[PDB]
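>>> Here's my sequence, what's the structure:
(2 chains, ligands or ions: 7)
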Amino acid sequence: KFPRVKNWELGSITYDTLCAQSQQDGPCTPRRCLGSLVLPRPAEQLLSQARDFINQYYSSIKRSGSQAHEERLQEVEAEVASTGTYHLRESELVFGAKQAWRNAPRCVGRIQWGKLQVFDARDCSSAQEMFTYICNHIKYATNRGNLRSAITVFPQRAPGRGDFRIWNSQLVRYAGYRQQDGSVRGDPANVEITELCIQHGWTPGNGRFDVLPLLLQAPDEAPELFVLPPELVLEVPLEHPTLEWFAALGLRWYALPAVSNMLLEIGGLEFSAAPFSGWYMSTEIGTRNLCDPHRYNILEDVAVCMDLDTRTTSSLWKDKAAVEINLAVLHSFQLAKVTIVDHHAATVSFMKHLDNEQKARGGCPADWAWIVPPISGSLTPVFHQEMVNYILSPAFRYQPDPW
Amino acid sequence: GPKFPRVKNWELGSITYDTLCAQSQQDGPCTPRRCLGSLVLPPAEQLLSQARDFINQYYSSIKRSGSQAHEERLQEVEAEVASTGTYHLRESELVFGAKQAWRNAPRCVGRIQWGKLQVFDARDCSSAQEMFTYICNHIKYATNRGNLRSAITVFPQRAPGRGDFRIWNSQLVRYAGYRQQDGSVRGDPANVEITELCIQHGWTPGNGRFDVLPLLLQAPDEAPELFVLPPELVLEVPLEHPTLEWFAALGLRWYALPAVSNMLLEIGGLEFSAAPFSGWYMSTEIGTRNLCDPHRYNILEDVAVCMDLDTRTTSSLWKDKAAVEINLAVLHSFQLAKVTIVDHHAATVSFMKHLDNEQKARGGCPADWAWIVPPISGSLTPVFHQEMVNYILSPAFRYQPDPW
Ligand code: HEM
Ligand code: HEM
Ligand SMILES: N=C(NCCC[C@H](N)C(=O)N[C@@H](CCN)C(N)=O)N[N+](=O)[O-]
Ligand SMILES: N=C(NCCC[C@H](N)C(=O)N[C@@H](CCN)C(N)=O)N[N+](=O)[O-]
Ligand SMILES: C[C@H](O)[C@H](O)[C@H]1CNc2nc(N)[nH]c(=O)c2N1
Ligand SMILES: C[C@H](O)[C@H](O)[C@H]1CNc2nc(N)[nH]c(=O)c2N1
Ligand SMILES: [Zn+2]
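Residues are numbered from 1 along each chain as shown, chains lettered A, B, ... in the order given. Ligands and ions are numbered 1, 2, ... in the order given. Shown next is the structure:
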């Protein structure tokens, strides 16, 4: 029943009893674990999810069982029985948003979960309106390099009607232009979305870091193209602290990470468009985006620049190159006074979070493969920490691409 | 589409379906409610079906499934288990089972070599002293003066009532761990307990940072006897860095032969409580875990100081910089001393090749992602981008309780 969770660096042991609160199934079975896979292969229902969430809400404000709680439960009941759905009060939406983040098994920056600026954009009715909301989110979230965690929530999904959607995976991304020989100019992960924009009328550029335009879609309407104001998108030029030649690579990366393709679920209500943003962990840029073989794959260039023996693996030219690249990122952002957290500082904070959560809820869902950084795994405390992964709600989930 | 786990490699975009998982006959630690994938430690009738299953596996491997020899061996096993409670494997069956266990090991990234394993049968062994002889022969052959050769020595199987054959040490070669007066540990903290058992058993302990421990071998129903390994047999590699001339002055060293010895080899229901196996190292086992783990030698800070790095702030990546040089030092000294070793880049690339081989051969390959991805430079190796299905196949290697 209750799993024994152990830390092999300290020898400490805990028991996760929070997992018993999981109402949704994961991909694993007793016959085989599929935990390393990235994606997941009625009034009665909604009403129970709803009641559960309203319960979670009143416990949070410690007025559980009070009159306000009973009344709110009747309100939800009344509305669903009559209309087959219901709506969240703004304070409830704020609570749910923070809970969804807190329960995100794959997020290592959850120690911040309680500090989330929630923008209610549920009174939105057009791509143009979505665009203004998104532009405000960015201005606020970016805050002159002193990033602030924020989420903007658009109109919930409705039976029969189409979903409100942001077609980009993130609010800010660089284009990927397929060229003559199947090669790619820019970010290879964004080839498809870069072409969808062009197909909808965007005048493509020809650089390695062309910030893409947003394709916003209001219910049952073809998406609309919007270009983000260059001054709204803060970027950081990457230069190395000692290798004067690094800058010559002209590498640069935007300061704001803001997933916009995930779905936010609360009390059974589904918000198909709810972009969120906190701040980068340096490895996301230095390791994954700049070094993945299917991304900017610059590992070799930096290696040759450092004059390394890229002739053999055992020379570890790749490992050496990666480290400087990550150092270059940390340095640059620090130099541009833009918020960023290295993977050591980040994982250290997660461990406290795991402790805070152990005492607060008796456990914490975590996905090991995602919590452990892409470089220097065992050198971080999370590597040595066993973790239990299960699905809690409020939750952020993946959803199909709208095309 | 196919009703089997879909597996994707996000670097190449390719897909496969694992159908091999259908063959697993033992539940794992997970359930639809929660994944415990990251946890390290998560009846004549029953023995009969396990054995029949194995025999079938054997005859399939030699392409004689359904034949008379097959149907006769099955008859033979039932007869034997029927009038004794257990049964015995044939030479060729043990060799096939030992290799399959290696082959089925979810946590081993070196499985591409599973085919080339030297199986030393030692089921005749009847004393602790003879256990020592067998082990010394293993080390001698496996070490092969630096050109390591995969091998496993199988001792007598667990018998009804009779005591198990057990090697008390975790590996045939391990360094001592001495608890100090002030609380710290001299040597390898991981082996503090076994070092204490070697002493409670008459061993005259040394006081170095790298003292090779003696072996505590145990024959059925007898207390363990203490055997000291002849130094000439235990090959060690002094570590030095290729350009940091001062690294050699740290006096760090590591043995060449990794030989797990506390694992139980299970074949067709038979349990081999003592069956030490050895291959060769992946540089990160030494350079990253053993030398840099906080609870091991913990030399990260020392090395960082020597490189004159700013250990006051995390964002300097002093830990990352040192770990890299240490790992390179392990690779450089092994290459220098002509001792077999493989870095995490070559190792993982060869494992990708293995996955591709097993896809065609068995329709899948059970793998533990957390154990396959190396402790450093994770996403720089191809396995990180490879999804993996994990399940228990038999024969297999299993953890077993400490004999004491
Ligand atoms: C305060 C700064 C934060 C940091 C440093 C942080 C860091 C991370 C990192 C490293 C990842 C993995 C990214 C990847 O490898 O693709 C992640 C995933 C995630 N984070 Fe956070 N996070 C932070 C804030 C937030 C906020 C504000 C939210 C939303 C309210 C959030 C929601 C999530 C979710 C949903 C995932 C998993 C997404 C997926 O499955 O792909 N994070 N976070
Ligand atoms: C040929 C060279 C080999 C290499 C490079 C190799 C490499 C590895 C590595 C890196 C690990 C993980 C070590 C750890 O983190 O504790 C491992 C685990 C394992 N290997 Fe291999 N291996 C090789 C040969 C063998 C052989 C000969 C066998 C058995 C016949 C074997 C059986 C296993 C098993 C069962 C595990 C997991 C044990 C556990 O759960 O602690 N390996 N191997
Ligand atoms: N630090 C954050 N990182 C989010 C990183 C998102 C990642 N770069 C990405 O592209 N994720 C894919 C999912 C990749 N499996 C997506 N569709 O958004 N988030 N934040 O709020 O501060
Ligand atoms: N390279 C190998 N490494 C074996 C790794 C052994 C590891 N150092 C260790 O101490 N393992 C624990 C098991 C930890 N789960 C043990 N009890 O032997 N194996 N080989 O045959 O080539
Ligand atoms: C196949 C494997 O699950 C996949 O590559 C995972 C591993 N760990 C990860 N960890 C983080 N933070 N982000 C990722 O995208 C991944 N990808
Ligand atoms: C808690 C976590 O399971 C533990 O630290 C695991 C992770 N991956 C590992 N991988 C290998 N090869 N060896 C190990 O000892 C571990 N330890
Ligand atoms: Zn699992």
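
>>> Run through the residues that contact the residue nearest the centre of chain A.
Residue closest to the mean C-alpha point of chain A, counted by C-alpha atoms, centre = their mean, is residue A:259 at 5.0 Å. By C-beta atoms under 8 Å, 6 or more residues apart in numbering or on different chains, the contact set of residue A:259 is A:169, A:170, A:275, A:276, A:277. For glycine as for every other residue, the C-beta is placed from the backbone atoms N, C-alpha and C.

>>> Go through the residues you listed and name the one nearest residue A:298.
Among these, residue A:170 lies closest to residue A:298 (C-beta to C-beta), at 20.0 Å.

>>> Tally up the residues packed near the closest one, please.
Neighbour count of residue A:170, defined by other C-beta atoms under 10 Å in any protein chain shown: 18.

>>> Verify the stated contact: it with residue A:253.
No. Under the criterion of C-beta atoms under 8 Å, residue A:170 is not in contact with residue A:253, lying 12.0 Å apart.

>>> returning to that earlier point: just want to check the distance between the residue nearest to the centre of chain A and residue A:41.
Separation of residue A:259 from residue A:41 (C-beta to C-beta, to the nearest Å) stands at 21 Å.

>>> give me phi/psi at the residue of chain A found nearest ligand 5?
Closest to ligand 5 within chain A is residue A:370: 3.9 Å, counting by C-beta to the nearest ligand atom. Recorded main-chain torsions at residue A:370 are phi -100, psi -40, according to degrees, to the nearest 10.

>>> which stretches of the stretch 51-200 of chain A form strands?
For the stretch 51-200 of chain A, the strands defined by DSSP state E, counting those that start in this stretch occupy A:117-120, A:150-153, A:165-166, A:176-178, A:184-186.

>>> nearest to ligand 1, of the ones you listed?
Here strand A:150-153 is closest among the strands of the stretch 51-200 of chain A (C-beta to the nearest ligand atom), at 5.0 Å.

>>> Tell me if the closest one is near ligand 3.
No. For a cut-off given as C-beta under 6 Å from any ligand atom, strand A:150-153 has no contacts with ligand 3; the smallest distance is 8.8 Å.

>>> where's the nearest residue to residue A:214 once chain neighbours are set aside relative to residue A:235, distance?
Once flanking residues are discounted, residue A:214 sits nearest to residue A:226: 4.8 Å by C-beta to C-beta, 6 or more residues apart in numbering or on different chains. For residue A:226, the distance to residue A:235 (C-beta to C-beta) stands at 19 Å.

>>> Kindly report the same for residue A:62.
44 Å.

>>> neighbour count winner among these two?
Ranked by neighbour count (other C-beta under 10 Å), residue A:62 and residue A:235 place residue A:235 first, with 17 against 8.

>>> Across the sheet, point out what pairs with that one.
Under DSSP bridges, the beta-bridge partners of residue A:235 are residue A:254.

>>> tell me, how many neighbours does residue A:207 end up with?
The local packing of residue A:207 (other C-beta under 10 Å) involves 13 other residues.

>>> In contact with it, which residues?
Here residue A:207 is in contact with A:185, A:186 (C-beta under 8 Å, 6+ apart).

>>> 10 Å instead, please
By C-beta atoms under 10 Å, 6 or more residues apart in numbering or on different chains, residue A:207 lies in contact with A:174, A:175, A:177, A:185, A:186, A:250.

>>> And the helices in the stretch 201-350 of chain A?
Remark: helices assigned in the stretch 201-350 of chain A by DSSP state H, counting those that start in this stretch are A:282-283, A:290-291, A:299-305, A:317-335, A:343-361.

>>> Residue of the stretch 301-403 of chain A closest to ligand 2, please.
Going by C-beta to the nearest ligand atom, ligand 2 is nearest to residue A:378 of the stretch 301-403 of chain A, at 9.7 Å.

>>> Was I right to think residue A:385 contacts residue A:351?
Yes. At 7.0 Å, residue A:385 counts as touching residue A:351 under the criterion of C-beta atoms under 10 Å.
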